[PDB]
């Protein structure tokens, strides 16, 4: 985050709305429901992750079909797009639907 934004804790991974600055965060070891909460699901975000955390996102529900992109640190919104996925495709994770936070 920029100046004044509460930082992600070291073991925490967040997605931050590009429009509002509001966030959805999980500790390392947790994942979302089948989809992210309705207020953020499929909305434009960037990752803001603490030093020990890695955010796994999917553009689909339920972290599925190896459509998984990995994000660390404080990610520029444009770097959510065209990202290498586990399944060998390059996907758009700017509007994610599901999320897991793991140790980096």
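Numbering follows the first chain given and starts at 1.
- Residue 15 sits in the lowest third of its chain by CA B factor, as recorded in the PDB entry.
- Split the chain's modelled residues into thirds by C-alpha temperature factor. Residue 76 is in the highest one.
- Looking at the C-alpha B-factors along this chain, the one for residue 66 belongs to the lowest third.
- Among the modelled residues of its chain, residue 51 has a C-alpha B-factor that falls in the highest third, as given in the PDB entry.
- For residue 99, the recorded CA temperature factor ranks within the lowest third of the chain's modelled residues.
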